Structure formats: C-alpha cells, structure tokens
Amino acid sequence: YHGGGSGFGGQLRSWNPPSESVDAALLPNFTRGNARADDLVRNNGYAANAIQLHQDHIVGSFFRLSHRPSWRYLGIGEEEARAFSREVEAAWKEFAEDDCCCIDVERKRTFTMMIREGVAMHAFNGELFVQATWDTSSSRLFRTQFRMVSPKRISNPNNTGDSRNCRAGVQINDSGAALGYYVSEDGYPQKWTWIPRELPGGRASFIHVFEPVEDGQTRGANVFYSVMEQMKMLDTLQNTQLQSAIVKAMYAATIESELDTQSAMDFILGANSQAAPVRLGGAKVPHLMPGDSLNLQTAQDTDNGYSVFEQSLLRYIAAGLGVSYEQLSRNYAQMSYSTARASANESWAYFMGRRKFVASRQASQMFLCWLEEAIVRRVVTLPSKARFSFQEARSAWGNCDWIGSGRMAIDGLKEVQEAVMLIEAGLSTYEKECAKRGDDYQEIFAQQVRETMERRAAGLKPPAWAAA
Amino acid sequence: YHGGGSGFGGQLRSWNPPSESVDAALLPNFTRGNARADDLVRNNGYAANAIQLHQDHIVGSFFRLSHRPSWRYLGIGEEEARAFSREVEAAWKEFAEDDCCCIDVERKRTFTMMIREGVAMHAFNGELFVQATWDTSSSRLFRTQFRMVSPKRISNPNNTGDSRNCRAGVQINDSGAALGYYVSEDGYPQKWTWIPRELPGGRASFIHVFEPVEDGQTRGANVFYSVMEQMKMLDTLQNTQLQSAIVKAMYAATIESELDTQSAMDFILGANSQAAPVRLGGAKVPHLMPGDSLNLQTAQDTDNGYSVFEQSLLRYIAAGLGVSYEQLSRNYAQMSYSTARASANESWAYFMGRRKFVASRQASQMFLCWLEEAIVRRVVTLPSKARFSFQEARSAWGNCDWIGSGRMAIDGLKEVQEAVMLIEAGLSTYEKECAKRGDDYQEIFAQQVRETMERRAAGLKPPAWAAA
Amino acid sequence: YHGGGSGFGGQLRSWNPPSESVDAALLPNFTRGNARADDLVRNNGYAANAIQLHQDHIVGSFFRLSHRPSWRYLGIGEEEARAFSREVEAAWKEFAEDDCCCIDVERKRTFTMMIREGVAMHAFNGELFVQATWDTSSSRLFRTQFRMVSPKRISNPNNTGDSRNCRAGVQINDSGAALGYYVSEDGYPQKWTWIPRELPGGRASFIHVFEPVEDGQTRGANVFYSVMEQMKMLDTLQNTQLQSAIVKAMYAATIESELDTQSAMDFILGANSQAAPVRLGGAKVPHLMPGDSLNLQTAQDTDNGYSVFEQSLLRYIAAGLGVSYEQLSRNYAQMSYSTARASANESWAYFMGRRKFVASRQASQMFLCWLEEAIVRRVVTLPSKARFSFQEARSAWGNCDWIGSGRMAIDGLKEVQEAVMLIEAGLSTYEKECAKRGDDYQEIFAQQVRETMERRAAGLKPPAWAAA
C-alpha cells in the first residue's frame, strides 16, 4: 500500500498528518474557524446565497405540526387519541403563531423564523443552542419562552483552559453525556452563568443539537471547513481581476513629443488652454511634426478565461457545501430535462436529510417542552385509563411529525398526473400525496365538505368530490 | 508470459513488488493511512462530498425494521408469528426513536444517525466498532445502550509490538476468529481495557463489521488507498494554479523612466503628491518624453486547459471511490436520458451492495442485542409450543430485513407506469412495489381503510380502493 | 506464409518466441506476476474499479439457491422431490444466512460475501481455494465450516524445486488429476501441511476452481498479465504529467535586475522589508529603470492531448480486462440508445459466462459438502424407494441452480412491456420472467395469495391476480 508509503518519487515524504481525535483537531482553533465562517457568510455573495438556499429549502415558508401519539402502547383508544391530538394541535397552533411573538423572550421571532435561524446557525456554526425559561410576571395563558443562544456565548469561564470533564464550556460526566453549559453575558460597548441541561423533574432546560462525526466530539464543526480557503482565494482573485481590468481600460492613448505638455496637448489632443480638459464632441485629425507621435493603446481581453476558472471553483465549492452548482452559481446553462431533474434530485436528497434531522429534532424538543406545561396547567386533558403517565413516557405521548414546504417541480402537469395515477392504484394514500404539497388532508376534506354545501346553497353545480 | 519478465525494452526491471499477505502490507502503516484519509475527508471538498453521498444514498433519511421470523422452522404457527412481529416492531419503534436519544450512552444520536455514522466510519476508516453495555442506575424500560468506538482507540497496550495472536489490539485464537479487543481511553488535553467479544451467555458484547479481502486480515482498509495520492496532488495543483492566476492578474502595467519615481508617477500615471495612490475616476492620456515609456502587460489565459485535466483526475477519483463522476464533480454536462440512467444504475448497484452488507449487518446485530433483553424482561412473549428457545436459535427468532430511502426517479411518470403495469400482471406484489418507495404496505393499507371511512363519514365520494 | 518468416523487411528477424507449454511459461514467474497484479489492484483506481464491477455484476447483493433434484433418474416421484427440495432450501437458508457468521471458521463473512471474495480472487489471482473442515467442539446442528485459502499459501514444501508429479504445491497423479495440496502457515511478524483433495468416503475436502487454457495446466493465470505493463506505464505517465503541470504553474513571473535581491523585490514586486513576502491585496504598477525588467511567464496547455491518449489506453485496458470502456473509465460520453445497449450486452455476455462457471461451480460444491452432513445427521430425510442412494449419485440428488441480481436496464418501461408481452404469448414462462428480476416465482405466488386475503379482510378492492 502506497497510502502510508513515501509516494511515487517520494513526493509524499513530508505529508505526515498527526493521528488525533476530532476534539484535538477542532477545539484548539474553534473560535478562529467560526469567525472566518461568519466573515465568509456576511461578506460573500455565494456564501449568503448558500445560507439562503439552506433556509428556503430545508424549512420553507411554514413549518407545521402533525401530532400522532402511539395509542397502542398507551392503551387509551383511537378516538380519544384523535380528540387529544386535535386539541393539542389547536393549542400549539395558537401558541406559536401569535402576532405578538411572545413565544421568545426577545419578542422578535415567530416559531418558523426561529426554526430558520436554528438551521442557519447549524449551517455556518455547526450547532444550535436553545434555552427554555419561565416568566412569572407574565399573566398570559402560557409561561414558556425560548431564547436562541449563539454558540459564541458558550465558553470556559474566565477564559480558562480545557479539562478532561469541562471542554469549551461544556461539562461532561464519566460518559460522553453533557451535564451543563457555561453561558457568558455579552456587553456590546464579563460573567458566566451555570445552566443545567435538564431540570430535576426531567424537563429539558437547555437544548443543543448537532451531529457528531466521531466517538468523542463535544461541539460541532461548520460546513465551511471544506471550502473555506478556496472562497477567500476566489474573492481575492475576483477583486484583483476587476481592479486590473479597470486599470488597463483607463489608459486609452499616449502622446510623445519634445514640446511643452500644454503645447503637446494643444496641438495634438486638441485641448483648449484659454492638466487640460478635452471636449468629446466630434472627430479630430491632428497634424504631427516628425518628432511628434500619437499611439492608441490596445488592451488584452477583459475576461481571458476567468469565467471557466470561476466555473470550476464554483463547482468545487458547491460540491463542498452540498447545494447544486446551478443554485449556488445562478448559471443555469443550457441542459436537457433529465440533467436538471438529476441535479434537483441530488440536492433534494441532502435537503430532505437536513430537514429530517436538524429542524425536526429542534421542533420536537420545543414541542415537548411546551406540551409539559400545557398538560400540567390542565389546558388539555390526558385520556383516562392510561397505562403510563406523561412523565414516564414523554416520547410516546408527544410523538409528532413536521411538514414543511414541498418541492416545486419543473413540470407541474407531470407531477399531477403521477399523483393521480398513484392515487388510482393502491400504491399511495391521500395523506402522503397531500403532504408532498405541504397540505393537511383533513383540512382539505373539511374545506371540500364546506365548499359543497356552499355550492348547493347558491344553486351551482355540485363539485366532483360530492357523493350522489 | 511478459508479466514476470523484464518488460518491453527492460522498463519493468525495477518493478519487483514483494509477495506478502494483506496484514503485512496494511498493518505497518495503518495509522498513517488512516490519518491521511481523515485529513482528506476533513479538508477536501470532493472527499466530504463523497462521504455525504455515501451516507445519503446508502441509508437515507430513515432506516426501518421489517421483522420476518421463520415460523416453519420453529413450529409456532403463522398467526402467532405475525402477532409477535407486530409487538416487537412496536417495541423497537418506540425504543429507537425517542427524542431523549437514550439509545446511546452519549445521548447525541438516534438509531438512524448511528447507522449513518457507522457507514461513514466504514467509508474512510475501513471498519466500524460498536459496544453494547448496561446501566444499572437507569430506571427506564430498557437498560441496553450502544457506543460507537473509533478505530483509533483499538490498539496494542502500551504501544507494544504485534504478536502472532495479538495484532493491532485484537486477540486472535488458533483460527482466524477474534476473542477480544483492547480499547484505549483518550484524554484530550493512557490506559487500556479488555473487552471480550461475547458474554459467557452468548450475547454479543463488542461489534466489528468490515469486509475481508484475503484469508488472514485482522482489520479493514479504507477506500482512499486507491486514490489517496492523486487527491492530494490535485489539491496542490489547484492551490498553485489559483495563486499563479492571482499573481499574474495583479501586475496591470509597467512604468519605465529615468526620473524620480514620484515624478514618474506624477507625470505618467497621474498620481497626486499633495507609494502614491492613483484615483480610478476617468480616462487619461499621458504625455511621454523620449526616455519615458508605458507598457500595458498582457497575461496568459487564466484557465488554459486546467479544466480538462481536472476532469480526467475527477473521473479517476470517482472510479476509485465508486461514486458517479457527475455526483462527485457536480458537473452534469449535457447528456441524453440513456447515459444518465446508465450512470445512475452503475452507482446504484454499488450503493445497494453497501446497504445490503454494512448497515444491514450492523442493524441486525444491534436488533438482536436489544431483542435478547426485550425477551428476558418479558416485554414481549414468545409463542408457546416452540421447538427451540431463543438462545438455541437466535437468527430464526430475530430474522429481519431493513428498508431505507428509495431511489428518486429522473422521470416520475415512467416509474409509476412501470409499477402499475407490473402490479396488473403477476410479476410483482404490493410489498415489493411499496418497498422501492420506502413504504410499508401494511401501513398503507391501514391508512387507506381509515381514509375510506373518513370520506364516507363526511359525505365525500368513496375512494378508488374501496370495495363496492 | 509470412507469419513464420523473417518479415516485411526483416523486421521480425529477432521475434523468435520459444515453443512451450502453459506450465513452462507460467510456473517460473508465478509469484512475481501475482504480486504485481496485487500491487495494481491495491494501488490503482482503475484496477480496483474493475474488481468492484466484477463483484457487483457477477454476483450482486445476494446469491440464492434453487434446488432441482432429478426425480426421474432416481424414480422417487415429483411430490416427494418437491417436499425434499422445500426442506433442503429451508435448511440451507439458516446455515448460510445467520448473523453469527458461523459458516466460516474466522466468523467474518456470510455465504454471499464468501462467493464475492472467491470471484475477486479468481479475478486478480486466477483461481480460488476453499477448505471444508469439521469442528467437534461445536454444539450447533451443523459442524461444517469453510475457509477461503489464499493462493499464496499453496506452494512447494521447503521452497523446493518442481518435479513431474509435484508442481507449485500440487501433487499430480499419472493423469492430470490432482491428489492433494501443500498449504503453508503464515506468520505475520514456516511449516507445510498435507491436505488431501477428497476424503476416503468421497467427500470433497479441498476445493480448487479455475479455467484451464491448455492440456497440462496445474494452476490458473490471472487476467492482468495481458495489460499489467500498460497500466503501470499509464500510472507513471499520469504522475509525471501532474508533477510537470504543478511545476510549470508554480513559477508565475521573473525579476531581472542588477541591484540587490531585497532592493529589487522592494522596488519592483512591492514587498516590505520593515525571502520577502508580498501581500496579494490590490493591483500594482511598478517603475523600472533601464536595467530593470519584468517578465510574466506563459506556460503550455495544462492538458495538451493527454486526455485522448488516456482514452485510447483505457480502451485497450478495458478490452484486456473484459469490462466495458464506459464502466472502467466512468466516461459515459454522449451516445445514442443503441450504442449504450450494445456495449451493455457485450459486457453482460462476459459477466453471465463468469457467473455460470466460477460462482456456480463453487456454490454447487459447497452445497454438496453441506448436504452430505445434512442427510447423514438426518436433518432432512431422503424419499423412500429410491434407486441410487446419496453416495451413488451425488449430483442427481444435489442438482441445483443459483440465481443472482438481475440486470438494471436503461428503460424500465420497455423491459416490463417486453416481459408482459412474452408472458401473454407462449414463448416464456413465469419462472424465467421472475428469474431475470432476481425473484423466486413461488415466493411471489405465496405473497400474492396472502395479500389477496389481507385485502379481502380489510375490505379493500380485490387485487388483479385474484380469481373470481
């Protein structure tokens, strides 16, 4: 095997990367990497475009709840489960979507915008932090509130060095689990607070969502590490090329003469001395003595293959980040239907995975945290004859699924024909087909049974879905 | 035969590779090869893209259980087998998919995330290790927990040399079988523990999944050995080319004169001395004496054939890794439907093989480990009059199949038409067609029989699948 | 005839190859050729791709048994043959597909994985060896075990010279048949054992599978001898071209002056002395005295015709190995449907031949070895009133056919239409149509007759295959 060897001619003799865990590689330069990722996101067109694509495709314009408790395990009954789910869904829908935005302490974000911010933070910071608090002064129906904590705030107190149990502001028990986090207080023009992960009663107090790569990993790594250097180098190349083009296009001509500069421009260029401005009106034919000369400068091609090199670098960056090349670069060159569909599918697989993990876990944990007080305050009533209480089986009572914006297809008619053909056979159900369009099938049925009554009352022809 | 000969003109005279086992080639430089593969994965856009493609296509966004015990062998009866399968599937679904993430000791990953991490570890490290433990302090329903052990941790104690029976921290019996493993403890700012492969009762304590190449192979080899050198050399070429382009684009022009440098720029470039900055506003025509000169530099083509060489190297890398060229390089050049379908099939065969072996074996062993407690703690009851106990035939009781995300078609209508035509004939069943879409046909049937009742109750037109 | 003559102008005067058997050409340099093939497989991207294609297409993701005993010969009856086949197939499932992997001594591979490893070994080593042993300490139902022996281990004892009867560790009787083998024991940081080919009772103890080319051939030859030299030379050319491109791209410019190097770089390049680093920010216009000079280097085309030469060499290599050019090189250039189908058929013929011979013979012999104990231990009962007992006609009792993964075609709809039309006419049966899809028609019928009952019980519309 030449992987561990010296190389072809010994070229890989100096390539001896150390063997170390993910923590040993990531933690020493965590803050610098995060700052560089933030710099790239704020001040580069492509990084901001990638973040916007992540936000728009992973979550969308809405994030909707679907409460499906496991009634078999609980032994309560299907109808009671349906009634409980309807009540819980109504309560959650009013709680999250108030215009006062009292879901968060800062009163600036709704639930959907909070999910989008969490996804964005997971993108260029590798993780997201959420804290759940209670305000006693509040007289509203619910006291639960959520605060989005930036990863920069969590760090070791007093800027102390890492230990075996405490790393990067995270306290670790004997196992890999985390017991608590140290959150700093930021003064824009310091102190640290201990926040336990979970309350003694089992409620989740502070939320941390990230995907671990190796066995022992305390905090996550942003996606920009793969292509961080190339983005900066490409920005430098773009600025240099633009400045060079401006400079080369500036010098249009050159005057050579042995006379005074005022005299030379007077006799050759045509300026009026009554250095010296020249009027652009008209065409001029100067007369030159033997010593005089007039040279019109020629410049190189403004874009001499910079476009193709930029194309290659943008393909590399899009491969590193995960978004499609066309989406990142806005190129959308000529291509057949099959190629566009294949690229869309390749991007959609990654987007679906990100939605399934990050946003779904965050929303599920927030929903469980809210549901615990909702049940405690008797806003909703648990079904009777339950095998287990809410505390004993939290996941069983609070099992849920989340629906986001569906993919907008290149051909609208083909997808509709496919859906109709699937519905005609037994391969698919109404729920799955409506969920692909970002709709709830029960709401569609209610709207249809309302519309048929409205049509009948007005005297119009009954709709297709109506039963004779 | 010229294979063992000197060559055409004697060119292969120095090519005399040693004849040795896979262990003799792999073990001496195991750690350096693993470290180089990790370096490529962390810091190259293409390697990270390949790992992400592996994770997404091999597993997907979900990994689902299908329990099919062999009822004929055990002599229990079909209906008891179906009831047992329903119970164990429900228990597994609740156990793996809790939001508390209590399946693993570190409480960071769900079952699907652990499967994806195992696939990733198999990709760039050549193997995956899983440890199953019990916590007695836990008061939950199940005490089983799983921990993913990095391959770096398994090594010979005290960094001692390999022996005949103990190689790379694995103790080997007279045959090729492994009896136990030595796992180190990592301190981020050492000691070794003996972990037997199997408990005395026959339970699996330590899990090791990899594909052997030759007869005697203690540990597996990463996939990057084939293309390790080329990726590093291509990265060096890319960085060098980018720096060279930036350098050549930087120098726009050149001034030649015998005067002072400030005066030369004042009279020619146009800088103001009130070295010296020059304003970009306007167009200028300087006046030059005989000794003076102005030269506008021209540069070579920025991308002069680098794209084609990069294409060739990327095809080589994609051949080595196994992913498609379009997926790896994000190129997706103009191509017909047939070529895209052929490349997709060529990649899908490899992905299906990897899913059938690695993830399936890992998930099956974890499921058996959980099922042993589940049966022991009497959460589920074995059918009566069974020929053999659970211990005597573990595979018969725990026979199962796993379903992941299905391939996304380039043309949605064509696959639906194909599935419908197959269903109409006897060549296919409902289960196989639903499995290709990542769905369970029994859940679809339950949803349909619920939806028909819902439509009937609300007064809507009965669905197609309903029976008159 | 000029084939044996001097040539056109005497150019073939030195071309006088010796006339010798295959053994005389192969045996003297067997080990060096095998080592070179192993080196190419481990360390070249294309060779690994070819081996992976062999494994994926010849075997696939599964290998399945179809027991077809010849009842007419033995005069037992069709129904008894069916019952015996069902029992044997069930028993072979459990032995081969246990998760404990107790089929092999090393407990690392399942039956399909051992078949794939055998195919791979036949690919780059020219043959495969399998050993069947018994473990008395085992308390399981079956004591049969299989060990894949690397071809390197079999060699002459004490590294002695070959004889008339003993060549390369294989003892040959008066005829060409082999009586036994000498297998060495490998110590990774020596002794030889005599293993007879067959037990005295007729059972197969040692398995050797290879295709003979000529009359007397003791051991087989790998496929790589045809194209090993070209692969090594192409790898050298690729590495040299990459290094040359990096070297030529590295030198961006050149400074010529009579001053000191520090002064020259300060005045021309723009470095700061407060050798000398230069910041890349901005565009610069240096001033040069008559002695000074600035030159921007221009390099040759990075990929100047290397791609087409690589294409030709890859076509030659793919022709030598037997795989299609597109599969080997991942090129998949623009091409019509007919050309793609023709290339796919050309490759599929070779893959079907390899599957029919190598894997089928290996699996059949292993199945016979297992079936002998299975019958002896009375796990399965032979039908009564049989003409010849198991010993008299092993092949008649153990006649079987093996099924692998079916070909993935470019157009899914066309293949389904073709299969439906063939089924409608009398040209084809259900078994052949289901076999091309890698399915067992009896299993499909059982699944259909279950699904129709499941649909009827739930109240859904009866399936198409149901009989009124």
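FYI the Cβ positions are ideal-geometry reconstructions off the backbone, even for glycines, and counts take in every protein chain you see. What follows draws every value from the coordinates through simple rules; no lab data is involved.
For the range B:382-402, the condition of being within 30 Å of B:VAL223 (Cα to Cα), surrounded by 18 or more Cβ atoms within 10 Å (Cβ to Cβ) and more than 10 Å from chain C (Cβ to nearest Cβ) holds for at least one residue.
Could you identify the single residue in B:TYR350, B:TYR337, B:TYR325 that is over 23 Å from B:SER226 (Cα atoms), out of contact with any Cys (no Cβ under 7 Å at 6 or more places or on another chain) and among the hydroxyl-bearing types (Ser, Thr, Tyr)?
Among B:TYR350, B:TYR337, B:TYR325, only B:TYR337 is over 23 Å from B:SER226 (Cα atoms), out of contact with any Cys (no Cβ under 7 Å at 6 or more places or on another chain) and among the hydroxyl-bearing types (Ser, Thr, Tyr).
Taking only the range C:421-448 into account, find how many residues are of a type in the set (A, V, I, L, M, F, W, C) and either crowded, with 16+ Cβ neighbours inside 10 Å or facing chain B (nearest Cβ under 10 Å) (or both). The total comes to 6. Within the range A:142-175, the set of residues being surrounded by 19 or more Cβ atoms within 10 Å (Cβ to Cβ), over 16 Å from A:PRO196 (Cβ atoms) and touching a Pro at 6+ places or on another chain (Cβ under 8 Å) is empty.
Condition check ((1) exposed (fewer than 14 other Cβ atoms within 10 Å of the Cβ); (2) over 30 Å from A:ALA47 (Cα atoms)) across all residues:
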position	(1), (2)
A:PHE267	no, yes
A:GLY282	yes, yes
A:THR302	yes, no
A:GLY305	no, no
A:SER312	no, no
A:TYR316	no, no
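So, in the range A:435-464, exactly how many residues are touching an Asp or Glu at 6+ places or on another chain (Cβ under 7 Å) and either among the basic types (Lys, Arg) or closer than 25 Å to C:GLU454 by Cβ (or both)? Residues that pass the stated criteria total 1. Which of the residues spanning the range C:11-52 are among the basic types (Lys, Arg) and facing chain B (nearest Cβ under 7 Å)? C:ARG32, C:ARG36, C:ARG42, listed by residue number.
Examine the range C:116-129 for a residue that is in a loop (DSSP other than H, G, I, E, B) and of a type outside the set (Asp, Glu), and state whether such a residue exists. Outline the logic, then answer.
Residues of the range C:116-129 that are in a loop (DSSP other than H, G, I, E, B), as a first pass: C:125-127.
Narrowing further to those that are of a type outside the set (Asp, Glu): C:125-126.
Yes, the conditions are met somewhere in the range C:116-129.
Of the set (1) facing chain C (nearest Cβ under 8 Å); (2) in a helix (DSSP H, G or I); (3) more than 17 Å from the chain's Cα centre (by Cα), all apply to B:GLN334 but (2). Can you find even one residue in the range B:453-468 that is facing another protein chain (nearest Cβ under 7 Å), more than 30 Å from A:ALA340 (Cα to Cα) and within 34 Å of the chain's Cα centre (by Cα)? No. The set of residues in the range B:317-344 that are under 17 Å from B:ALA48 (Cα atoms) and not small (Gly, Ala, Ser) comprises B:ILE317, B:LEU321, B:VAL323, B:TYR325, B:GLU326, B:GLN327, B:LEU328, B:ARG330, B:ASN331. Residues in the range C:53-84 that are surrounded by fewer than 18 Cβ atoms within 10 Å (Cβ to Cβ) and within 14 Å of chain B (Cβ to nearest Cβ) were compared, and the one that is nearest to C:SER364 (Cα to Cα) is C:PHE62.
Listed conditions (1) charged (D, E, K, R); (2) within 9 Å of chain B (Cβ to nearest Cβ); (3) within 17 Å of the chain's Cα centre (by Cα) are all met by A:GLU310, apart from (3).
Considering the conditions (1) touching a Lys or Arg at 6+ places or on another chain (Cβ under 9 Å); (2) crowded, with 16+ Cβ neighbours inside 10 Å; (3) closer than 26 Å to C:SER384 by Cα, C:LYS93 is excluded by exactly one of them, (1).
Does A:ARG315 satisfy the condition of being out of contact with any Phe, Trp or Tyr (no Cβ under 9 Å at 6 or more places or on another chain) and either among the basic types (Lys, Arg) or not in a helix (DSSP H, G or I) (or both)? So A:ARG315 fails the test.
Taking the stated definitions as given, is A:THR136 over 28 Å from A:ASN49 (Cα atoms) and of a type in the set (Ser, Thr, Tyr)? Criteria met by A:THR136.
Determine, yes or no, whether A:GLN365 is under 30 Å from A:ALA132 (Cβ atoms), within 8 Å of chain B (Cβ to nearest Cβ) and among the polar types (S, T, N, Q). For A:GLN365, the condition - under 30 Å from A:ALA132 (Cβ atoms), within 8 Å of chain B (Cβ to nearest Cβ) and among the polar types (S, T, N, Q) - is met.
One residue stands out among those in the range C:403-420 that are buried (at least 19 other Cβ atoms within 10 Å of the Cβ) and of a type in the set (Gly, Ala, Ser): the one that is nearest to the other protein chains (Cβ to nearest Cβ), which is C:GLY412. Evaluation of C:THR136 against the conditions (1) over 30 Å from C:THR193 (Cα atoms); (2) more than 8 Å from every other protein chain (Cβ to nearest Cβ); (3) among the polar types (S, T, N, Q) shows that the sole unmet condition is (1). Hey, does the range C:347-361 have a residue that's at negative phi, crowded, with 19+ Cβ neighbours inside 10 Å, among the aliphatic types (A, V, I, L, M) and not in a helix (DSSP H, G or I)? No, because not a single residue in the range C:347-361 is at negative phi, crowded, with 19+ Cβ neighbours inside 10 Å, among the aliphatic types (A, V, I, L, M) and not in a helix (DSSP H, G or I).
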